[PDB]
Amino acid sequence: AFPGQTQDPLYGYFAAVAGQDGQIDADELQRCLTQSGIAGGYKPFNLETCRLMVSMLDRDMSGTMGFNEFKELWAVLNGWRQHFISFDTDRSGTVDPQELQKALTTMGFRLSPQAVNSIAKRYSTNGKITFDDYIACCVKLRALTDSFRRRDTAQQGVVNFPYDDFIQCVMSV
């Protein structure tokens, strides 16, 4: 888009992550975000979170992350970090199932509390959700809720899903 963006201070870091083809793929992103430490600890930054980010920030349908998309990524991660810190009211560095229920309610989701508890356990070892997994969980919920809403033309909270539509929709996030 802007060939002179080589002068941006983030460009060198972008280029190192991107390597030979000048684009960032989710594996490269995984390594980047892991070695950036942003999620804390020693575990890898969840690859599924990286794949969701590459997909959702994509501006040119390239399926890879370029420099402006990488610039946006950091702003988005900063926003999520603030959102995470804010619902981590006991400052454990993790979001528990009760903390998650509040976060999701505050975002306007209207979910069965049992289901929230189940979801929390699905994105953690012991109910305590790390930053990378918090993003994955919340983004997936929004994407699936959005997909459902678009198909729910009567706004009746029930969708008729033909199999093909169901599979393509769910398997894509």
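So that there is no doubt, residue numbering starts at 1 and follows the sequence shown.
A.B. asks: Which is higher on average in the deposited entry, the C-alpha temperature factors of 125-133 or of 25-33?
C.D. replies: On average, C-alpha B-factors are higher across 125-133.
A.B. asks: Out of 8-16 and 153-161, which stretch has the higher average CA B-factor listed in the record?
C.D. replies: Looking at the record's C-alpha B-factors, the answer is 153-161.
A.B. asks: When the CA B-factors of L104, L47, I119, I38 are compared as recorded in the entry, which is the largest?
C.D. replies: That would be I38.
A.B. asks: By its CA B factor, does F67 count among the lowest, middle or highest third of the modelled residues in the chain?
C.D. replies: As the PDB entry reports it, the C-alpha B-factor of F67 lands in the lowest third of its chain.
A.B. asks: Check where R59 lands among this chain's C-alpha B-factors and tell me if it's the lowest, middle or highest third.
C.D. replies: Lowest third, going by the recorded CA B-factors of the chain.
A.B. asks: Please place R51 in the lowest, middle or highest third of its chain according to the CA B-factor in the PDB entry.
C.D. replies: According to the entry, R51 has a C-alpha B-factor in the chain's lowest third.
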